>>> print(open('protein-v7.cif').read())   # mmCIF, N, CA and C atoms
data_model
loop_
_atom_site.group_PDB
_atom_site.id
_atom_site.type_symbol
_atom_site.label_atom_id
_atom_site.label_comp_id
_atom_site.auth_asym_id
_atom_site.auth_seq_id
_atom_site.Cartn_x
_atom_site.Cartn_y
_atom_site.Cartn_z
ATOM 1 N N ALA B 2 11.626 30.808 -39.960
ATOM 2 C CA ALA B 2 11.005 30.572 -41.294
ATOM 3 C C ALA B 2 10.179 29.293 -41.281
ATOM 4 N N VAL B 3 9.448 29.060 -42.367
ATOM 5 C CA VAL B 3 8.623 27.870 -42.532
ATOM 6 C C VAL B 3 9.337 26.947 -43.509
ATOM 7 N N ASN B 4 9.761 25.785 -43.021
ATOM 8 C CA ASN B 4 10.494 24.820 -43.825
ATOM 9 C C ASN B 4 9.878 23.442 -43.649
ATOM 10 N N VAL B 5 9.957 22.641 -44.707
ATOM 11 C CA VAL B 5 9.352 21.319 -44.730
ATOM 12 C C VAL B 5 10.335 20.242 -44.291
ATOM 13 N N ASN B 6 11.592 20.340 -44.728
ATOM 14 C CA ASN B 6 12.556 19.286 -44.435
ATOM 15 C C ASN B 6 12.817 19.165 -42.938
ATOM 16 N N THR B 7 12.965 20.289 -42.246
ATOM 17 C CA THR B 7 13.301 20.298 -40.828
ATOM 18 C C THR B 7 12.064 20.631 -40.006
ATOM 19 N N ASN B 8 11.799 19.815 -38.984
ATOM 20 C CA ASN B 8 10.695 20.047 -38.048
ATOM 21 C C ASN B 8 11.250 19.849 -36.639
ATOM 22 N N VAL B 9 11.773 20.930 -36.057
ATOM 23 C CA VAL B 9 12.342 20.841 -34.717
ATOM 24 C C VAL B 9 11.250 20.566 -33.693
ATOM 25 N N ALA B 10 10.068 21.154 -33.884
ATOM 26 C CA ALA B 10 8.972 20.919 -32.952
ATOM 27 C C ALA B 10 8.588 19.446 -32.917
ATOM 28 N N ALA B 11 8.590 18.785 -34.076
ATOM 29 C CA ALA B 11 8.262 17.364 -34.111
ATOM 30 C C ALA B 11 9.282 16.542 -33.336
ATOM 31 N N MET B 12 10.571 16.852 -33.497
ATOM 32 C CA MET B 12 11.602 16.092 -32.797
ATOM 33 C C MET B 12 11.499 16.280 -31.290
ATOM 34 N N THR B 13 11.316 17.522 -30.838
ATOM 35 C CA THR B 13 11.248 17.783 -29.405
ATOM 36 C C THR B 13 10.036 17.106 -28.781
ATOM 37 N N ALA B 14 8.879 17.199 -29.437
ATOM 38 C CA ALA B 14 7.684 16.548 -28.913
ATOM 39 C C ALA B 14 7.879 15.041 -28.835
ATOM 40 N N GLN B 15 8.545 14.461 -29.833
ATOM 41 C CA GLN B 15 8.817 13.029 -29.805
ATOM 42 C C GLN B 15 9.701 12.667 -28.621
ATOM 43 N N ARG B 16 10.741 13.465 -28.371
ATOM 44 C CA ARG B 16 11.664 13.160 -27.283
ATOM 45 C C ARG B 16 10.938 13.134 -25.946
ATOM 46 N N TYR B 17 10.099 14.139 -25.692
ATOM 47 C CA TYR B 17 9.344 14.164 -24.446
ATOM 48 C C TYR B 17 8.247 13.111 -24.446
ATOM 49 N N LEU B 18 7.844 12.640 -25.628
ATOM 50 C CA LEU B 18 6.873 11.554 -25.695
ATOM 51 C C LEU B 18 7.493 10.242 -25.236
ATOM 52 N N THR B 19 8.740 9.979 -25.636
ATOM 53 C CA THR B 19 9.427 8.787 -25.153
ATOM 54 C C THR B 19 9.785 8.925 -23.681
ATOM 55 N N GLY B 20 10.144 10.131 -23.243
ATOM 56 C CA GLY B 20 10.438 10.326 -21.834
ATOM 57 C C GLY B 20 9.268 9.938 -20.953
ATOM 58 N N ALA B 21 8.059 10.331 -21.357
ATOM 59 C CA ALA B 21 6.869 9.934 -20.615
ATOM 60 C C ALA B 21 6.638 8.432 -20.712
ATOM 61 N N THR B 22 6.879 7.851 -21.889
ATOM 62 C CA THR B 22 6.616 6.429 -22.083
ATOM 63 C C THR B 22 7.510 5.575 -21.190
ATOM 64 N N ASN B 23 8.795 5.922 -21.098
ATOM 65 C CA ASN B 23 9.699 5.172 -20.233
ATOM 66 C C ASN B 23 9.299 5.309 -18.772
ATOM 67 N N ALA B 24 8.881 6.507 -18.361
ATOM 68 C CA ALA B 24 8.415 6.691 -16.992
ATOM 69 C C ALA B 24 7.162 5.870 -16.730
ATOM 70 N N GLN B 25 6.317 5.707 -17.748
ATOM 71 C CA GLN B 25 5.100 4.921 -17.581
ATOM 72 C C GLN B 25 5.412 3.433 -17.546
ATOM 73 N N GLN B 26 6.441 3.009 -18.280
ATOM 74 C CA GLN B 26 6.791 1.594 -18.313
ATOM 75 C C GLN B 26 7.432 1.157 -17.004
ATOM 76 N N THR B 27 8.303 1.995 -16.440
ATOM 77 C CA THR B 27 8.939 1.650 -15.174
ATOM 78 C C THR B 27 7.945 1.711 -14.023
ATOM 79 N N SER B 28 7.003 2.653 -14.073
ATOM 80 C CA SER B 28 5.988 2.731 -13.028
ATOM 81 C C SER B 28 5.039 1.544 -13.097
ATOM 82 N N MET B 29 4.717 1.089 -14.309
ATOM 83 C CA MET B 29 3.830 -0.059 -14.459
ATOM 84 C C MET B 29 4.516 -1.345 -14.019
ATOM 85 N N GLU B 30 5.815 -1.473 -14.293
ATOM 86 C CA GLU B 30 6.558 -2.627 -13.802
ATOM 87 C C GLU B 30 6.589 -2.645 -12.282
ATOM 88 N N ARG B 31 6.756 -1.475 -11.666
ATOM 89 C CA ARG B 31 6.797 -1.399 -10.212
ATOM 90 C C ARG B 31 5.475 -1.843 -9.603
ATOM 91 N N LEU B 32 4.359 -1.458 -10.221
ATOM 92 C CA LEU B 32 3.051 -1.793 -9.669
ATOM 93 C C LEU B 32 2.761 -3.285 -9.776
ATOM 94 N N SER B 33 2.997 -3.879 -10.948
ATOM 95 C CA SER B 33 2.687 -5.293 -11.136
ATOM 96 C C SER B 33 3.571 -6.178 -10.268
ATOM 97 N N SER B 34 4.861 -5.856 -10.176
ATOM 98 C CA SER B 34 5.771 -6.661 -9.371
ATOM 99 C C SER B 34 5.599 -6.393 -7.885
ATOM 100 N N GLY B 35 5.208 -5.176 -7.521
ATOM 101 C CA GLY B 35 5.142 -4.775 -6.136
ATOM 102 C C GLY B 35 6.467 -4.364 -5.538
ATOM 103 N N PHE B 36 7.553 -4.427 -6.304
ATOM 104 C CA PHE B 36 8.882 -4.044 -5.851
ATOM 105 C C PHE B 36 9.333 -2.809 -6.613
ATOM 106 N N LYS B 37 9.820 -1.806 -5.885
ATOM 107 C CA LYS B 37 10.373 -0.618 -6.515
ATOM 108 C C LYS B 37 11.800 -0.814 -7.006
ATOM 109 N N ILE B 38 12.469 -1.889 -6.601
ATOM 110 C CA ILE B 38 13.781 -2.252 -7.124
ATOM 111 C C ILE B 38 13.645 -3.597 -7.818
ATOM 112 N N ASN B 39 13.881 -3.611 -9.125
ATOM 113 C CA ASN B 39 13.832 -4.829 -9.918
ATOM 114 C C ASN B 39 15.163 -5.186 -10.556
ATOM 115 N N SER B 40 15.964 -4.197 -10.943
ATOM 116 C CA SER B 40 17.287 -4.422 -11.500
ATOM 117 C C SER B 40 18.242 -3.417 -10.874
ATOM 118 N N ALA B 41 19.537 -3.608 -11.122
ATOM 119 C CA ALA B 41 20.538 -2.728 -10.535
ATOM 120 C C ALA B 41 20.349 -1.275 -10.947
ATOM 121 N N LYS B 42 19.682 -1.019 -12.076
ATOM 122 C CA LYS B 42 19.531 0.356 -12.540
ATOM 123 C C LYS B 42 18.630 1.169 -11.620
ATOM 124 N N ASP B 43 17.619 0.540 -11.020
ATOM 125 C CA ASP B 43 16.735 1.268 -10.115
ATOM 126 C C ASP B 43 17.511 1.833 -8.934
ATOM 127 N N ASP B 44 18.286 0.988 -8.259
ATOM 128 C CA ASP B 44 19.106 1.429 -7.135
ATOM 129 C C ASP B 44 20.216 0.413 -6.937
ATOM 130 N N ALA B 45 21.455 0.810 -7.228
ATOM 131 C CA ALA B 45 22.578 -0.106 -7.063
ATOM 132 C C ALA B 45 22.778 -0.454 -5.595
ATOM 133 N N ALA B 46 23.032 0.556 -4.763
ATOM 134 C CA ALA B 46 23.245 0.299 -3.345
ATOM 135 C C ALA B 46 22.012 -0.324 -2.709
ATOM 136 N N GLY B 47 20.829 0.205 -3.021
ATOM 137 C CA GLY B 47 19.615 -0.317 -2.418
ATOM 138 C C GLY B 47 19.369 -1.771 -2.767
ATOM 139 N N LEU B 48 19.726 -2.171 -3.988
ATOM 140 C CA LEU B 48 19.546 -3.562 -4.386
ATOM 141 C C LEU B 48 20.410 -4.486 -3.543
ATOM 142 N N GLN B 49 21.667 -4.107 -3.314
ATOM 143 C CA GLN B 49 22.577 -4.971 -2.572
ATOM 144 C C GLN B 49 22.121 -5.142 -1.130
ATOM 145 N N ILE B 50 21.780 -4.040 -0.461
ATOM 146 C CA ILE B 50 21.354 -4.138 0.932
ATOM 147 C C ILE B 50 20.032 -4.885 1.018
ATOM 148 N N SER B 51 19.163 -4.700 0.024
ATOM 149 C CA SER B 51 17.872 -5.380 0.025
ATOM 150 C C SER B 51 18.040 -6.878 -0.180
ATOM 151 N N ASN B 52 19.045 -7.281 -0.959
ATOM 152 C CA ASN B 52 19.310 -8.703 -1.141
ATOM 153 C C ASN B 52 19.954 -9.299 0.102
ATOM 154 N N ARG B 53 20.739 -8.500 0.826
ATOM 155 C CA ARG B 53 21.343 -8.984 2.062
ATOM 156 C C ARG B 53 20.309 -9.075 3.173
ATOM 157 N N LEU B 54 19.332 -8.168 3.170
ATOM 158 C CA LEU B 54 18.241 -8.247 4.133
ATOM 159 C C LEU B 54 17.290 -9.379 3.782
ATOM 160 N N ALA U 2 3.689 4.132 4.268
ATOM 161 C CA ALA U 2 3.555 3.659 2.862
ATOM 162 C C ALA U 2 2.562 2.514 2.776
ATOM 163 N N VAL U 3 1.901 2.401 1.630
ATOM 164 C CA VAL U 3 0.962 1.322 1.356
ATOM 165 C C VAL U 3 1.643 0.372 0.384
ATOM 166 N N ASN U 4 1.915 -0.849 0.835
ATOM 167 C CA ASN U 4 2.534 -1.856 -0.009
ATOM 168 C C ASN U 4 1.845 -3.189 0.227
ATOM 169 N N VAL U 5 1.951 -4.067 -0.765
ATOM 170 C CA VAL U 5 1.340 -5.386 -0.703
ATOM 171 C C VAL U 5 2.366 -6.465 -0.384
ATOM 172 N N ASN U 6 3.613 -6.278 -0.814
ATOM 173 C CA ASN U 6 4.599 -7.342 -0.682
ATOM 174 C C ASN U 6 4.874 -7.672 0.778
ATOM 175 N N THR U 7 4.984 -6.657 1.626
ATOM 176 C CA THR U 7 5.296 -6.845 3.034
ATOM 177 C C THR U 7 4.112 -6.413 3.883
ATOM 178 N N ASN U 8 3.763 -7.246 4.860
ATOM 179 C CA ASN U 8 2.693 -6.957 5.812
ATOM 180 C C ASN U 8 3.280 -7.162 7.202
ATOM 181 N N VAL U 9 3.952 -6.131 7.717
ATOM 182 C CA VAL U 9 4.578 -6.250 9.028
ATOM 183 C C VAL U 9 3.522 -6.318 10.116
ATOM 184 N N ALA U 10 2.373 -5.679 9.902
ATOM 185 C CA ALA U 10 1.291 -5.777 10.871
ATOM 186 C C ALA U 10 0.801 -7.212 11.003
ATOM 187 N N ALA U 11 0.702 -7.931 9.883
ATOM 188 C CA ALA U 11 0.292 -9.329 9.939
ATOM 189 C C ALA U 11 1.367 -10.191 10.583
ATOM 190 N N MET U 12 2.638 -9.861 10.349
ATOM 191 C CA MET U 12 3.717 -10.602 10.992
ATOM 192 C C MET U 12 3.669 -10.439 12.505
ATOM 193 N N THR U 13 3.437 -9.216 12.983
ATOM 194 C CA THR U 13 3.364 -8.990 14.422
ATOM 195 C C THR U 13 2.192 -9.740 15.037
ATOM 196 N N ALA U 14 1.033 -9.710 14.379
ATOM 197 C CA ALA U 14 -0.128 -10.420 14.900
ATOM 198 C C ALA U 14 0.127 -11.917 14.953
ATOM 199 N N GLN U 15 0.839 -12.449 13.958
ATOM 200 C CA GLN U 15 1.208 -13.859 13.986
ATOM 201 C C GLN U 15 2.120 -14.159 15.166
ATOM 202 N N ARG U 16 3.085 -13.279 15.433
ATOM 203 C CA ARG U 16 4.026 -13.513 16.522
ATOM 204 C C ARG U 16 3.312 -13.562 17.864
ATOM 205 N N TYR U 17 2.374 -12.643 18.085
ATOM 206 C CA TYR U 17 1.651 -12.624 19.350
ATOM 207 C C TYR U 17 0.568 -13.689 19.388
ATOM 208 N N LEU U 18 0.170 -14.205 18.224
ATOM 209 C CA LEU U 18 -0.807 -15.286 18.192
ATOM 210 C C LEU U 18 -0.163 -16.617 18.554
ATOM 211 N N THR U 19 1.093 -16.824 18.152
ATOM 212 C CA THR U 19 1.789 -18.049 18.528
ATOM 213 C C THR U 19 2.201 -18.012 19.991
ATOM 214 N N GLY U 20 2.470 -16.821 20.524
ATOM 215 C CA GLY U 20 2.732 -16.709 21.948
ATOM 216 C C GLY U 20 1.512 -17.041 22.781
ATOM 217 N N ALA U 21 0.342 -16.567 22.351
ATOM 218 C CA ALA U 21 -0.890 -16.879 23.064
ATOM 219 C C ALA U 21 -1.221 -18.360 22.966
ATOM 220 N N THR U 22 -0.983 -18.964 21.801
ATOM 221 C CA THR U 22 -1.259 -20.387 21.636
ATOM 222 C C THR U 22 -0.310 -21.234 22.473
ATOM 223 N N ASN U 23 0.960 -20.836 22.555
ATOM 224 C CA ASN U 23 1.918 -21.584 23.361
ATOM 225 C C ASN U 23 1.563 -21.522 24.840
ATOM 226 N N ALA U 24 1.172 -20.343 25.326
ATOM 227 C CA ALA U 24 0.799 -20.213 26.730
ATOM 228 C C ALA U 24 -0.530 -20.898 27.006
ATOM 229 N N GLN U 25 -1.387 -20.993 25.990
ATOM 230 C CA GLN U 25 -2.648 -21.707 26.149
ATOM 231 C C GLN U 25 -2.420 -23.211 26.185
ATOM 232 N N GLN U 26 -1.461 -23.699 25.398
ATOM 233 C CA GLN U 26 -1.152 -25.124 25.400
ATOM 234 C C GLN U 26 -0.480 -25.532 26.701
ATOM 235 N N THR U 27 0.370 -24.662 27.245
ATOM 236 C CA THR U 27 1.019 -24.960 28.515
ATOM 237 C C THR U 27 0.004 -25.025 29.647
ATOM 238 N N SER U 28 -0.965 -24.108 29.652
ATOM 239 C CA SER U 28 -1.976 -24.107 30.703
ATOM 240 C C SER U 28 -2.907 -25.304 30.576
ATOM 241 N N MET U 29 -3.237 -25.699 29.346
ATOM 242 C CA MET U 29 -4.081 -26.873 29.154
ATOM 243 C C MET U 29 -3.378 -28.135 29.633
ATOM 244 N N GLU U 30 -2.093 -28.281 29.312
ATOM 245 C CA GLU U 30 -1.347 -29.441 29.785
ATOM 246 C C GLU U 30 -1.266 -29.447 31.302
ATOM 247 N N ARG U 31 -1.089 -28.272 31.899
ATOM 248 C CA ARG U 31 -0.986 -28.177 33.348
ATOM 249 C C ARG U 31 -2.272 -28.627 34.023
ATOM 250 N N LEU U 32 -3.418 -28.288 33.434
ATOM 251 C CA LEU U 32 -4.696 -28.602 34.062
ATOM 252 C C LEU U 32 -5.012 -30.089 33.970
ATOM 253 N N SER U 33 -4.774 -30.698 32.807
ATOM 254 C CA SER U 33 -5.091 -32.112 32.638
ATOM 255 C C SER U 33 -4.235 -32.989 33.542
ATOM 256 N N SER U 34 -2.938 -32.695 33.638
ATOM 257 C CA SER U 34 -2.057 -33.492 34.483
ATOM 258 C C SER U 34 -2.224 -33.165 35.957
ATOM 259 N N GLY U 35 -2.573 -31.925 36.280
ATOM 260 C CA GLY U 35 -2.607 -31.481 37.651
ATOM 261 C C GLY U 35 -1.254 -31.155 38.237
ATOM 262 N N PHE U 36 -0.212 -31.074 37.414
ATOM 263 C CA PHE U 36 1.127 -30.709 37.846
ATOM 264 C C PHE U 36 1.589 -29.478 37.084
ATOM 265 N N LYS U 37 2.164 -28.521 37.807
ATOM 266 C CA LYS U 37 2.800 -27.374 37.177
ATOM 267 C C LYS U 37 4.222 -27.668 36.722
ATOM 268 N N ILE U 38 4.779 -28.818 37.081
ATOM 269 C CA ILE U 38 6.081 -29.257 36.582
ATOM 270 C C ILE U 38 5.834 -30.558 35.829
ATOM 271 N N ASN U 39 5.562 -30.448 34.533
ATOM 272 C CA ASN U 39 5.434 -31.602 33.657
ATOM 273 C C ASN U 39 6.694 -31.856 32.847
ATOM 274 N N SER U 40 7.742 -31.071 33.065
ATOM 275 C CA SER U 40 8.979 -31.201 32.313
ATOM 276 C C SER U 40 10.058 -30.422 33.047
ATOM 277 N N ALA U 41 11.287 -30.532 32.546
ATOM 278 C CA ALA U 41 12.391 -29.795 33.143
ATOM 279 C C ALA U 41 12.373 -28.326 32.750
ATOM 280 N N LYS U 42 11.822 -27.999 31.580
ATOM 281 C CA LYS U 42 11.746 -26.603 31.166
ATOM 282 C C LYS U 42 10.883 -25.782 32.115
ATOM 283 N N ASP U 43 9.815 -26.371 32.655
ATOM 284 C CA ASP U 43 8.941 -25.624 33.552
ATOM 285 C C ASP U 43 9.699 -25.143 34.783
ATOM 286 N N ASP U 44 10.444 -26.038 35.427
ATOM 287 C CA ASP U 44 11.264 -25.664 36.576
ATOM 288 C C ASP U 44 12.312 -26.743 36.782
ATOM 289 N N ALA U 45 13.585 -26.385 36.623
ATOM 290 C CA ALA U 45 14.655 -27.367 36.747
ATOM 291 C C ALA U 45 14.854 -27.789 38.198
ATOM 292 N N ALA U 46 15.224 -26.845 39.065
ATOM 293 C CA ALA U 46 15.444 -27.191 40.466
ATOM 294 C C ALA U 46 14.155 -27.610 41.150
ATOM 295 N N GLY U 47 13.016 -27.084 40.704
ATOM 296 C CA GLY U 47 11.749 -27.573 41.216
ATOM 297 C C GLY U 47 11.509 -29.020 40.841
ATOM 298 N N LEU U 48 11.956 -29.415 39.649
ATOM 299 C CA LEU U 48 11.818 -30.804 39.231
ATOM 300 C C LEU U 48 12.651 -31.727 40.108
ATOM 301 N N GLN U 49 13.881 -31.323 40.434
ATOM 302 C CA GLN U 49 14.758 -32.196 41.208
ATOM 303 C C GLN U 49 14.303 -32.309 42.655
ATOM 304 N N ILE U 50 13.975 -31.183 43.290
ATOM 305 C CA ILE U 50 13.545 -31.229 44.684
ATOM 306 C C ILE U 50 12.205 -31.935 44.803
ATOM 307 N N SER U 51 11.319 -31.737 43.827
ATOM 308 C CA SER U 51 10.038 -32.433 43.842
ATOM 309 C C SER U 51 10.223 -33.919 43.577
ATOM 310 N N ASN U 52 11.200 -34.273 42.741
ATOM 311 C CA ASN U 52 11.493 -35.681 42.498
ATOM 312 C C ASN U 52 12.071 -36.340 43.740
ATOM 313 N N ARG U 53 12.892 -35.610 44.492
ATOM 314 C CA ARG U 53 13.495 -36.176 45.691
ATOM 315 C C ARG U 53 12.495 -36.231 46.835
ATOM 316 N N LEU U 54 11.535 -35.307 46.851
ATOM 317 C CA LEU U 54 10.460 -35.381 47.832
ATOM 318 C C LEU U 54 9.475 -36.477 47.463
#
>>> encode(input="protein-v7.cif", output="structure tokens")
Amino acid sequence: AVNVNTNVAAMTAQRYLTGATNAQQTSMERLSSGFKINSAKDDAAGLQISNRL
Amino acid sequence: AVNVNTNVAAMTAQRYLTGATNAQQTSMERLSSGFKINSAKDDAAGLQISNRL
């Protein structure tokens, strides 16, 4: 049906809009810094070995 | 991979450039003095037998 209060299409498009935005923010941080690991969230194990190296 | 943070090719060229400079400095010192044993590092037992001769 056609309803005004609920817009499922708007919510879904917004969710995928933020998904793209976060991917763009992490990719832009990687480019400016030149490092693909910046915090433990990128790679926990990789961060530790990279700090030991 | 293409990265800016690490330049292993430049590191290798530096390593072989300092080796060439060290061997060039040793040869220059050898020519000016006219001795191939200007120190103990050049030849230990050669230094002692040459000193005793």
>>> residues_around(input="protein-v7.cif", residues="stretch 34-45 of chain B", least_positions_apart="4", cutoff="8 Å", atoms="only N, CA and C atoms", output="CSV table (one decimal) with N, CA and C atoms, in the coordinates of the input")
chain,number,residue,atom,x,y,z
B,28,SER,N,7.0,2.7,-14.1
B,28,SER,CA,6.0,2.7,-13.0
B,28,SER,C,5.0,1.5,-13.1
B,29,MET,N,4.7,1.1,-14.3
B,29,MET,CA,3.8,-0.1,-14.5
B,29,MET,C,4.5,-1.3,-14.0
B,30,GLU,N,5.8,-1.5,-14.3
B,30,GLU,CA,6.6,-2.6,-13.8
B,30,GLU,C,6.6,-2.6,-12.3
B,49,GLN,N,21.7,-4.1,-3.3
B,49,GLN,CA,22.6,-5.0,-2.6
B,49,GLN,C,22.1,-5.1,-1.1
B,50,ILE,N,21.8,-4.0,-0.5
B,50,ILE,CA,21.4,-4.1,0.9
B,50,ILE,C,20.0,-4.9,1.0
B,51,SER,N,19.2,-4.7,0.0
B,51,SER,CA,17.9,-5.4,0.0
B,51,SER,C,18.0,-6.9,-0.2
U,4,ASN,N,1.9,-0.8,0.8
U,4,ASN,CA,2.5,-1.9,0.0
U,4,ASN,C,1.8,-3.2,0.2
U,5,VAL,N,2.0,-4.1,-0.8
U,5,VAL,CA,1.3,-5.4,-0.7
U,5,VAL,C,2.4,-6.5,-0.4
U,6,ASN,N,3.6,-6.3,-0.8
U,6,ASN,CA,4.6,-7.3,-0.7
U,6,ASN,C,4.9,-7.7,0.8
U,7,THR,N,5.0,-6.7,1.6
U,7,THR,CA,5.3,-6.8,3.0
U,7,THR,C,4.1,-6.4,3.9
>>> atom_distance(input="protein-v7.cif", atom1="atom N of residue B:22", atom2="atom C of residue B:10")
16.1 Å
>>> select_by_dssp(input="protein-v7.cif", residues="chain B", states="alpha helix (DSSP H)", output="VMD selection string")
chain B and resid 9 to 34 45 to 53
>>> atom_distance(input="protein-v7.cif", atom1="atom N of residue U:12", atom2="atom C of residue U:25")
21.3 Å
>>> atom_distance(input="protein-v7.cif", atom1="atom CA of residue U:46", atom2="atom CA of residue U:20")
24.8 Å
>>> decode(input="protein-v7.cif", residues="stretch 39-54 of chain B", atoms="N, CA and C atoms", output="compact mmCIF listing (two decimals), in the first residue's frame")
# COMPACT_ATOMS: atom_id res chain seq x y z
N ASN B 39 45.67 1.73 11.07
CA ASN B 39 45.78 2.92 11.90
C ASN B 39 45.34 2.71 13.33
N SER B 40 44.35 1.85 13.57
CA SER B 40 43.90 1.51 14.91
C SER B 40 43.69 0.01 14.98
N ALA B 41 43.46 -0.50 16.19
CA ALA B 41 43.29 -1.93 16.37
C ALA B 41 42.12 -2.48 15.57
N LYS B 42 41.14 -1.64 15.22
CA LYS B 42 39.97 -2.14 14.51
C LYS B 42 40.31 -2.60 13.10
N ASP B 43 41.27 -1.95 12.45
CA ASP B 43 41.65 -2.37 11.10
C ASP B 43 42.16 -3.80 11.10
N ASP B 44 43.12 -4.10 11.97
CA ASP B 44 43.66 -5.46 12.08
C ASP B 44 44.30 -5.59 13.45
N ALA B 45 43.70 -6.40 14.32
CA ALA B 45 44.25 -6.59 15.66
C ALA B 45 45.60 -7.29 15.59
N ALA B 46 45.63 -8.50 15.03
CA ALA B 46 46.89 -9.23 14.93
C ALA B 46 47.90 -8.47 14.09
N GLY B 47 47.46 -7.94 12.95
CA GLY B 47 48.39 -7.24 12.07
C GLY B 47 49.01 -6.02 12.73
N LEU B 48 48.24 -5.33 13.57
CA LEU B 48 48.78 -4.16 14.27
C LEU B 48 49.91 -4.56 15.21
N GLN B 49 49.72 -5.65 15.96
CA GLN B 49 50.73 -6.06 16.93
C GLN B 49 52.02 -6.46 16.24
N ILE B 50 51.93 -7.30 15.20
CA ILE B 50 53.14 -7.74 14.52
C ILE B 50 53.80 -6.56 13.82
N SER B 51 53.00 -5.63 13.31
CA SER B 51 53.55 -4.46 12.62
C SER B 51 54.27 -3.54 13.60
N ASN B 52 53.78 -3.46 14.84
CA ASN B 52 54.46 -2.66 15.85
C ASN B 52 55.73 -3.34 16.32
N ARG B 53 55.74 -4.67 16.33
CA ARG B 53 56.94 -5.40 16.72
C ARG B 53 57.99 -5.34 15.62
N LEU B 54 57.55 -5.32 14.36
CA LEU B 54 58.49 -5.15 13.26
C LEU B 54 58.99 -3.72 13.18
